[PDB]
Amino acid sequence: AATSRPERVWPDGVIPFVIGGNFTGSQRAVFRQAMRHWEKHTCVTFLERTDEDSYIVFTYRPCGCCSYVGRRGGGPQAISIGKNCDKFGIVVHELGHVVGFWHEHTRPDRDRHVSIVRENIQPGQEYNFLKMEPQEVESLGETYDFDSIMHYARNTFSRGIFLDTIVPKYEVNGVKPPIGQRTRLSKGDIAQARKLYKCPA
């Protein structure tokens, strides 16, 4: 679910950052490592902000709303981290928003790849499962990525942990594809980010 908006792509892949107060040394290091993980596999670079007008701010607040998708422009933008969402893989996911990715399951073509089980969604959280409108996403010829760091788990926003809200529609390597990994960027995330940022081959 890569943004279609050219203005949201950070110029030259350069993303200035500020780490806010109220984070421990340990948390600050994880933010650095998550950024480095993005840097190792793509042409995106994260720089300590000096006088840039547009930059990200690691903002201490409860997990949830919101981390801005792509470059906002004309000022700072939040990447929001709290006590229950400060681990490496979660920060890598939220940095996925920063670089310009929406959630994978919101791709305009997602109904070919996953079923949404509406009856299992927590009432009031259904809006999180709406597709992006087709003018808002350009997938750059890349296949729907079940292994994406941007993909929801099977029971995200579910009424109960044993109730699925998202079910892949078909098998990959003779098994239903696992979804919701928060370990590392997938092959697909890297390939798609490289296309989005026009990285040298």
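Numbering starts at 1 and runs along the sequence shown. Rigid core: the largest C-alpha set superposing within 1.5 Å between the two forms.
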Original post:
Between 73-81 and 94-102, which has the larger RMS C-alpha deviation from this form in 7 other deposited structures of this protein after core superposition?
Top reply: 73-81
Original post:
Looking at the entry, does 187-195 or 18-26 show the higher mean C-alpha B-factor?
Top reply: 18-26
Original post:
So 164-172 or 40-48, which one's hotter by mean CA B-factor in the entry?
Top reply: 40-48
Original post:
Based on the PDB record, which member of 75, 124, 96, 108 exhibits the highest Cα temperature factor?
Top reply: 75
Original post:
When the CA B-factors of 31, 152, 144, 55 are compared as recorded in the entry, which is the largest?
Top reply: 55
Original post:
Taking the entry's C-alpha B-factors for this chain, is residue 178 in the lowest, middle or highest third?
Top reply: middle
Subject >> Third of chain Cα B-factors occupied by residue 87 >> reply: middle
